[PDB]
Amino acid sequence: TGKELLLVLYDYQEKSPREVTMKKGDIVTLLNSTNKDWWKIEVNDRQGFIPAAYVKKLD
């Protein structure tokens, strides 16, 4: 039933090639939450990892 949306809690600039930048208040798509520390998301045309603590699932 489609990928889950998350709310971005904090602005975050990518710090490595695998990461992605996001802005507070963005609604991003969860791609992979298997890691407890880093989740893979889609933020429009871009995808990458961010700190799991900095996003909240919109169940």
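Heads up: numbering here begins at 1 and tracks the sequence.
- In this structure the side chain of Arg18 never reaches within 4.5 angstrom of the side chain of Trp38, judged on heavy atoms.
- At least one donor-acceptor pair closer than 3.5 Å links the side chain of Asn32 to the backbone N or O of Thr34.
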Decide yes or no on side-chain contact (heavy atoms from CB on, under 4.5 Å) for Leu7 and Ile27, but give the supporting numbers first. CA-CA 5 Å; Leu7 174 65; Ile27 306 297; 3.9 Å; yes

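- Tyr54 is not listed as a side-chain neighbour of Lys24, based on a closest heavy-atom distance of 4.5 Å or more.
- The closest side-chain heavy-atom distance from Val43 to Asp26 is below 4.5 Å.
- The side-chain hydrogen bond (donor to acceptor under 3.5 Å, both in side chains) analysis of residues 4-15, with sequence neighbours excluded, yields the pairs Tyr12-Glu19.
- In terms of heavy atoms, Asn35 sits closest to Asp37 at OD1-N, 2.8 Å.
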After noting the C-alpha distance and the side-chain angles of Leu6 and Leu58, does the key distance pass the side-chain contact (heavy atoms from CB on, under 4.5 Å) rule? CA-CA 5 Å; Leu6 316 173; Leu58 303 170; 5.7 Å; no

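- Test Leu31, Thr29, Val20 against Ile41 for side chain to side chain contact (heavy atoms under 4.5 Å, CB included) and you get one pass: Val20.
- Residues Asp59 and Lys56 come closest through the heavy atom pair OD2-NZ, 3.5 Å.
- Atom NZ of residue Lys40 and atom OG of residue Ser33 lie 13.0 Å apart, to the nearest 0.5 angstrom.
- Closest of all the heavy-atom pairs between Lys3 and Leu30 is CB-O, 3.5 Å.
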